Enquirer: 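Before I ask anything, here is the structure I am working with.
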Amino acid sequence: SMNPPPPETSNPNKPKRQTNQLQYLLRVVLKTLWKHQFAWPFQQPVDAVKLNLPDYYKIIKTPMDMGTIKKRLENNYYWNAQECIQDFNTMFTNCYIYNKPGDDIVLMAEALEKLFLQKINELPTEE
Ligand SMILES: COc1nc2c(Nc3ccccc3C(C)(C)C)c(C(=O)O)cnc2cc1-c1c(C)noc1C
């Protein structure tokens, strides 16, 4: 079985918090990206078996995807907004590292990242 286990989306020992910034990340940022027409390759872990990408998890050792991020937010997995922002950045970076510049999947990622940065520029202050 050559896919790794997916990133965890819950952990009984990891402290849980809700902040208005994490609420914004779920309700505005994730929602906007999730429903975007380019989102679908990013909505679940890369299935390197089904996609016939045998080298994927030889190259990418910190996988991340919006399905995992969405569940982490829904599960209050994150303590702060930076943890979630880091996961989005990891997802984009992995795409830019594994694929060739100018590939369609890279252009899709770049479009999602542009929207992402726009929404993060508008992050609300903590209540
Ligand atoms: C090419 O990069 C991906 N492609 C798919 C994918 N199929 C797809 C999508 C667009 C263009 C080309 C393809 C191939 C069929 C050639 C793989 C699918 C799918 O068809 O279900 C799902 N998830 C992906 C994640 C990724 C991906 C992401 C996201 N980051 O790195 C990789 C690799």
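Nothing fancy with the numbering, it's 1 onward along the sequence. Ligands are counted one by one from 1 in listed order, and the atoms in each one are counted from 1 as well. Computed from heavy atoms alone, side chains included, the values below leave out hydrogens, waters and symmetry copies.
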Enquirer: Dump the intermediate steps for side-chain hydrogen bond (donor to acceptor under 3.5 Å, both in side chains) on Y56 and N3, then the final yes or no.
Expert: CA-CA 9 Å; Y56 184 81; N3 292 313; over 6 Å; no
Enquirer: Can you work out which protein residues put a heavy atom within less than 4.0 Å of ligand 1?
Expert: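 Ligand 1 pocket, heavy atoms under 4.0 Å: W40, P41, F42, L51, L53, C95, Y98, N99, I105.
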Enquirer: What residues, two or more places apart in sequence or in another chain, satisfy side chain to side chain donor-acceptor pair (under 3.5 Å) together with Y98?
Expert: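 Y98: side chain to side chain donor-acceptor pair (under 3.5 Å) contacts with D55.
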Enquirer: Quick one: side chain to side chain donor-acceptor pair (under 3.5 Å) partners of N76, sequence neighbours excluded?
Expert: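 So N76 forms no side chain to side chain donor-acceptor pair (under 3.5 Å) with any residue.
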Enquirer: List for me each residue that meets side chain to side chain donor-acceptor pair (under 3.5 Å) alongside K119, sequence neighbours excluded, and say none if there are none.
Expert: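 Testing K119 for side chain to side chain donor-acceptor pair (under 3.5 Å), a comparison that skips the adjacent residues, returns none.
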Enquirer: Answer yes or no: are there more than 12 heavy-atom neighbours, outside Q37 itself, under 6.0 Å from its atom CD?
Expert: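 Check passes, neighbour count above 12.
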Enquirer: Per the salt bridge (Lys or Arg N to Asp or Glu O under 4.0 Å) rule, which among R17, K16, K14 passes with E83?
Expert: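 Answer after filtering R17, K16, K14: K14.
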